[PDB]
């Protein structure tokens, strides 16, 4: 079989055992990745800790140059990498190539953002007259070794957004991609290998959850854990971290609040795009519509018609709706569809499943007593919940355990800003669908949606600490 290797301490290494990966859309084998042992994980960390001092000793300019080369290589092989990424996670080909390009953009931006690292000088005389000759020279420093873990829906992009910001500051990296998406993660590692970064500064890890899952997080060598995935695992990682710093991006149930003075055509278009992108397999996606009753009927018809125009099919054909990641996922989405349909909701598009390919579906008349009103599906299913007041919309929205982002469709901005202050989310989009949009902007979530503030600049601050040197002037 086409056997892939891990990049450890400047060497490509196979393990005694391996894991075979198949294509979610065809079932065809793509190749295999190593199934690491805890001893092999120990070697990755030892190598990283060994290389850190010399990496930190380099100038910012040299570290940025390395990252810039990685990005150039990725741009060169985007079609090559995109081809395999498309097949591994059943993502449309064009979209798969876009993820690689966006990974290059974030890597370049983090390189330049991080080389403009600066500290501050504080005055003792600001707080006390007797300490006026005392000043504090404060400079930023890396936290050490960072463990970065990416998700299946963006195995390459949501890896680079952790790796580049960590490396430019002087930290070393141990990268753990998702098993379903590990081949693409190893393809990303090749660019780092070709760029020539010193041995041990960048390493990869692959294996089975029951063998190295808790082990990679609990390890004393790890100084920071940056992760994107499920809420359950995220909660667990937070506890296993102890008092060590973390960054987590978990679930979402983004709501789109639609007022009576909204532009319904623009609203309909943005909701369709945000809700069905990648078959609904996104954390930042419109997952519930809270619309004022007086404009509900009209909005639902626009959305209904647009759903019927979506393409359904294979990754190679660039279909809007592709097969879901695995059988277990489709089974879950199916169970939510049954609950709503059996409880009274009105399905405005046909319920159909062939293999793991679920056709897009719009559900009207959804009530807070239904599972679909609160649970994150991660499938092509959108619920419409009608309200009679903006106050009610705010209550239902904040009632959720999630708080990633929110959309407000209205022509009254001062009012939209007021509502936005009340919503328990990280980001609020006015007259636009939710999105991580513009990686320079802050990205965070409230309640169970996460911990820590992302976005290039914020990721760098998060994965660095401070060093204060105090002395008296004579």
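Positions refer to the first chain, counted from 1.
Annotation for 174 to 182 versus 389 to 397: the higher mean temperature factor (C-alpha) is found in 389 to 397. Relative to one another, 251 to 259 and 207 to 215 have unequal mean CA B-factors, and 207 to 215 is the one with the higher figure. Out of 188, 300, 351, 321, it is 351 whose C-alpha atom has the highest B-factor in the PDB entry. Take 427, 440, 422, 37 and read off each C-alpha B-factor from the entry; 37 has the highest. Ranked by Cα temperature factor within the chain, residue 41 sits in the lowest third according to the deposited record.
Residue 447: CA B factor lies in the lowest third for its chain, per the PDB record. In the PDB entry, a CA B factor belonging to the highest third of its chain's modelled residues is recorded for residue 413.
The PDB entry assigns residue 142 a C-alpha temperature factor belonging to the middle third of its chain's modelled residues. Ranked within its chain, residue 93 lands in the highest third, by CA B factor from the PDB record.
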